[PDB]
Each structure stands twice: as C-alpha cells, then as structure tokens.
Amino acid sequence: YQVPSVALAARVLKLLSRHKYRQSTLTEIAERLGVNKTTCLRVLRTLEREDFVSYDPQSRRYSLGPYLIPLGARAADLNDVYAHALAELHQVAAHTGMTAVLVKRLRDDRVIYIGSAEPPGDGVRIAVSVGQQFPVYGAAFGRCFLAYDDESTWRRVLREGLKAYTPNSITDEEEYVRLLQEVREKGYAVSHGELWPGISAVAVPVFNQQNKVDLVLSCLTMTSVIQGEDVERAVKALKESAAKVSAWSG
Amino acid sequence: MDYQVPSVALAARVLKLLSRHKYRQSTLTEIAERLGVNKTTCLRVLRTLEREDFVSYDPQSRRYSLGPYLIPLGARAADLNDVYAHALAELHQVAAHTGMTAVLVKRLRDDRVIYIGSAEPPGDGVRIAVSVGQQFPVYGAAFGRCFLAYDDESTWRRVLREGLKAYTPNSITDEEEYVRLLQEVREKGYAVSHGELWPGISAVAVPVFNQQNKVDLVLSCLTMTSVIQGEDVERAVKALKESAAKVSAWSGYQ
C-alpha cells in the first residue's frame, strides 16, 4: 500500500529542496507534480501547520520549513552510522584539501548527496548541492555502488541506457563492465569530468553487513589541479573513513 | 478545515516521535500506542514514508527510525532560512499582534546576554528602537530572569552573591525578592519588568528551550510603561508563548 496524500507530501518536499523550486507558488507546484491545485493546497496547508513548509504571503511562495532543521539533525545524530559518517566527511576534507561528500543509495536506482564538508579555512571551494539526486550508475560513486551488486541489478540498469552527461561520461556497456571489475580489485574509483566538466572525484564504497554498498564516500576537486599524490591521499582518507563507518553498520 | 489532511498530519506526528532519543528505534505497536492511533492506520503511513526514504525499517528488530532523506532536507531548509531567520520572522508577527517592539535575546559566556535581532511594529509613527549588538548582564530585567530561572539554583546563588547592580530605583536588588521572582518565572513560564533597566520601559519575556532543555534564547517585547493598559500585557504573554513554543520546537525541544 501507499497513502496517496503522504506520497504527495513527500514529493512536494523533494521538489522544494531543488534550487529552481526553493520558493514556489501553488500553481508552479501543481504544474510540476501534475496534480490539481486543490489537492496540492490541502497537502501544503497541512504541511504548513506542522512547520514542514513555510509560506510567505507577500510572494505567495512556499518553501521548506523550519521543522525540518531539527528533524534532519536528529536523523543524523540518532543513528550511529549517519552521525559518524558525517563527522568523517570533515576529517576527509581537512586532510585531503578536497570537498568530501556522502552518497546514499535510494529506491528506484537513484542516489542522493546526504551531506558534504568543504575544506576548512579560506580559498575557493568546490560546493555541491546537498540533496541532489543522481542515477545510480553515474561517475565515481555509481561504480562504487554497482561493482558489488548481484548481476540482477547490473543488467537492469545497463539495459535502461546510460545518460551521457558530458563527453567523458561512460556510455559503452562493455567499457563500463571492465571498469566495474577494476573497482572490485582496487577498492576505489576515479572519474574525470564524467558528470561535470572540470570536476574529478575519488570514491570508495562503505560495506554494509551483506558485503553490499548502501553508502559511498567521495572526494571532489578540479581536474586541472589533481596530481597522482592527490589521488593517493584521497584514497587513504576515504578508505580509512569507510572502514570506521562499516564498523558501525552492525 | 477542509484543507486539513489527517494522513499527512499523522506522518508528521510519526516523524516527530521518532526524533525523540527514547523512541528512535520503535516497533509498530509502541508507535501506535504512543500516538493513540489504530495500528493499521500507522502501518500504511509508515510504509509510505519508508518507500520515500523518510523512515527506515530494520527487518531484524522490527523497528522504525528516521530515514536518511530528512538529512538533506534539513540542510536545504536551514540553508534557505535558518532557525534565527525564522525566529526573526515570528518576531514580526508578535510585533504586529502586540503593537510592541519585539526582540530576540541570546546568551553569551561570562554572565552576559546580547540582542541579536528586533522587529518594530508595522506602520508609521514613533516606536522604541534597540541596538542589535547591545550586551547586558544575565540578571537584568525580564529577559535576564528568563535565562536564570532555568539554571541550577547554584547559579542563582553565585549571581546573587556577586551583587545585583541597581540601574534604576525600580531595579530588584533585594536577594530574597529576586529568588522569589526567579521561582515564579519558573512556575509561570514568563517574566515582566517595569523600568528595571530603562526608566519608562516595560518588558515581557518568555524563554526558548533547545534539545537539552536549556535556555539559549529569549523572546521579549518592549513597550512604554506609562501607556500600558488592561489587556496589553496579557496579550503579549500569549503571543510570545505561541511564538516561543514554535521556536523551541525549531531548536529541537520536545
């Protein structure tokens, strides 16, 4: 079963976390979600009374509300796995000088940025959109998820087709399979401009109790600046952090 | 109201419950009994939330918990408008409903407090303005008593032994009176001062609690003493409490 209104409440919240829809009128939400204005408004008003959504009558725009702040903080700190993994991002960033990210496998072959940490102190930083979703196959993290799946999950997602985000996105199914073999041997993956042009990443799987991968830790930097020593550093930090997070997955 | 959707209200109650340390890993029975809702009704909502990753389920122990999608929602919500921003917005509501200047006070180290935001009531004419950044002693006036009343009594005794400084003729410097005033603030949930820091100025204040049940923030209303009337103080207490309850929930109080 599915309760249609609760599912609609969730879709609204997910829509309002995208930058384009961070402040959206009723009509923009209805249109984007494909439901009539009255059904949306009912949900939005119930969500508003609980402070899950906020409403600015001066702009007639709805946004994510204040109650999600402590709710999200608690979802992090009440769970041993998430509390330690988010703390580890700060470790990774401080020791590598790269922007560190936690990626999480969702239902329907999607993944999501759960959090990030930017290196401390000053300078330009690379910043990611926290809460952005991605296909489970994309860039360095995609291969960290897929390399330890049973081939029941390999083939279904390969068969759907691989989107070419940039000219270096891996869309050849055979090349992708060889790279998955490579991830298993080395325990990490590197992408150069596969998702965003000029961005490279290093990713490492965090193993759950089934030897499977629900969480990936990632490091991000500019492709033009990355040297071999940077990859090695990122791999050590990420691997060490990953092993501490796996420890808590009991 | 016809725009009130009971299944989404229950989803919210479920998530608020799972955010309490005690109920962080809760069986279906414990959830349904604690909320006073039929277990089947609960299952459908829980499983719907689980499908969207707002809740998780552990098949071993049969317990539900806050799901991981709430983490980036929280971060994106705060990034747009953080708690202090929302607190300021609620102060403008208070100012509008009371016709008083509303003020957000924060505790510092070393027995000081500081104004971190204000909201003058709407319209044109005169009004009381305050300096964002002004610091005061933690014992001073209505807002001082709202911080102190909720510390251990050992702090009351320390602050009292170290001397209450008399700013005006209406300042409370009698130790037995100040203790009685702290006790009653703790009994009643608000404080009122009449010319204790500034001649002519009255204050009504209410504490904001956080997730360790401590008072880091106080919401306060300033008005002129000489024009306060019957229902005014009563009305401001009621508006400040409605606002402080909300901001307490946003600071993680439960």
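Under the PDB entry, chain B has the name Transcriptional regulator, IclR family and belongs to Alicyclobacillus acidocaldarius subsp. acidocaldarius.

As named in the PDB entry, chain A is Transcriptional regulator, IclR family, taken from Alicyclobacillus acidocaldarius subsp. acidocaldarius.

A.B. asks: If you had to explain helix α8 (residues 173-186) of chain A to someone new, which residues and values would you point to?
C.D. replies: Residue and element names in this part refer to chain A. Between the first and last C-alpha of α8 there are 20 Å, a value that for 14 residues agrees with the 20 Å anticipated at 1.5 Å per step. Buried residues of α8: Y176, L180 and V183, and no others. Taken end-on, α8 shows its buried residues confined to a sector of 55°, consistent with a single buried face. Along α8, exposed side chains directed more than 90 degrees from the buried face belong to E174 and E185. On its buried face, α8 sits against α6 (139-146), α7 (151-160) and β6 (189-192). After α8 finishes, the residue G187 shows a positive phi value of roughly 85°.

A.B. asks: Explain the domain arrangement of chain B to me, and be specific about the residues and the numbers.
C.D. replies: Residue and element names in this part refer to chain B. Assigned domains of chain B: these are domain 1 (2-74) and domain 2 (75-254). Between the C-alpha centres of domain 1 and domain 2 there is a distance of 35 Å. Contact residues are listed per partner, giving seven residues for domain 1 and five residues for domain 2. Joining domain 1 to domain 2, the criterion identifies zero salt bridges. At the junction of domain 1 and domain 2, the tally comes to nine residue pairs in polar contact.

A.B. asks: For the packing of aromatic side chains, give the residues involved together with the corresponding values.
C.D. replies: In this description, a pair of aromatic rings is defined by centroid distance and the angle of the planes. Evaluation of the coordinates by the stated rule reveals 15 aromatic pairs over all chains. Ring plane angle 85° and centroid distance 5.9 Å describe the contact between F134 of chain A and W196 of chain A, whose orientation is recorded as edge-to-face. On the criterion of sequence distance, the pair formed by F134 of chain A in strand β5 (residues 133-135) and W196 of chain A in the loop between β6 and β7 (199-207) is long-range, its members being 62 residues apart. Classification of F134 of chain A as buried rests on a relative accessible area of 3%. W196 of chain A gets classed as partly exposed once you look at its relative accessible area, which sits at 29%. Clustering of aromatic rings is evident, with ring pairs tying together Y113, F134, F141 and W196 of chain A. Across the ring face of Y69 of chain B, the terminal group of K14 of chain A is positioned such that the distance to the ring centre comes to 4.5 Å.

A.B. asks: Give a detailed account of the pairing of strand β2 (residues 55-58) of chain B, specifying residues and quantitative values.
C.D. replies: Working note: regular strand, side chains alternate between the two faces of the sheet. Residues and elements named next belong to chain B. As paired strands, β2 and strand β3 (residues 63-66) are joined by four bridges and run antiparallel to one another. Directly across from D58, in β3, lies its bridge partner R63. The hairpin turn running from β2 into β3, its antiparallel successor, is four residues long, and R62 in that turn takes a positive phi close to 70°.

A.B. asks: Any details on the interface of chain B and chain A? Residues and values, ideally.
C.D. replies: On the chain A side, the residues contacting the 49 residues of chain B number 54 residues. Summed over both sides, the interface of chain B with chain A buries roughly 4,900 Å², with 66% coming from carbon and sulfur. If you look at where chain B meets chain A, you find four salt bridges. One salt bridge in this structure joins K16 of chain B and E50 of chain A, with 3.1 Å as the shortest N-O distance.

A.B. asks: Please give an account of the packing of helix α1 (residues 6-18) of chain B against helix α2 (residues 28-35) of chain B that cites residues and values.
C.D. replies: Between two packed helices, the angle of one axis relative to the other and the distance separating the axes together describe the packing. All names here are of chain B. Remark: α1 packs on α2, axes separated minimally by 11 Å, with the N-to-C direction vectors making an angle of 110°. Viewed along their axes, α1 and α2 adopt a mutual orientation that is roughly perpendicular. Pair α1 / α2 crosses with right-handed handedness. Residues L10, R13, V14, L17 and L18 of α1 touch α2, and the partners they reach there are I31, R34 and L35. Here the residues of the contact of α1 with α2 sort into six nonpolar, no polar and two charged.

A.B. asks: Pulling in residues and values, what's your account of the pattern of salt bridges?
C.D. replies: All names here are of chain A. Applying the stated criterion across every chain, the model contains 28 salt bridges over all chains. A salt bridge links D149 to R105, with the nearest nitrogen and oxygen atoms 3.0 Å apart. One end of the pair, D149, is in the loop between α6 and α7; the other, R105, is in strand β3 (residues 99-105), with 44 residues separating them in the sequence. Here the two residues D149 and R105 agree in accessibility, since each one is buried.

Conventions and cut-offs
Residues numbered from 1 in each chain as written, not as in the entry; some residues may be left out. Chains lettered and ligands numbered in written order. Heavy atoms only, no water. Helix = DSSP H or I, 4+ residues; strand = E, 2+ residues; numbered from the N terminus. Expected span 1.5 Å × (residues − 1). Buried < 20%, exposed > 50% of the residue type's maximum accessible area, 1.4 Å probe, protein only. Arc of directions from axis to C-beta. Contact = heavy atoms within 4.5 Å. Domains from an automatic or database assignment. Salt bridge = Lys/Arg side-chain N within 4 Å of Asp/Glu carboxyl O. Polar contact = N/O pair within 3.5 Å; in protein donor to acceptor, adjacent residues only side chain to side chain. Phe/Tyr/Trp six-rings, centres within 6.5 Å; stacked < 30°, edge-to-face > 60°. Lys NZ or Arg CZ within 6 Å of the ring centre and 35° of its normal. Pairing = 2+ DSSP bridges. Buried area = accessible area lost by both parts, 1.4 Å probe. Axes fitted to C-alpha atoms, helices over the stretch in contact; angles between N-to-C directions. Parallel < 35°, antiparallel > 145°, perpendicular 65-115°, else oblique. Left-handed = near helix turned anticlockwise from the far one by under 90°. Nonpolar A, V, L, I, M, F, W, Y, C, P; charged D, E, K, R; others polar.

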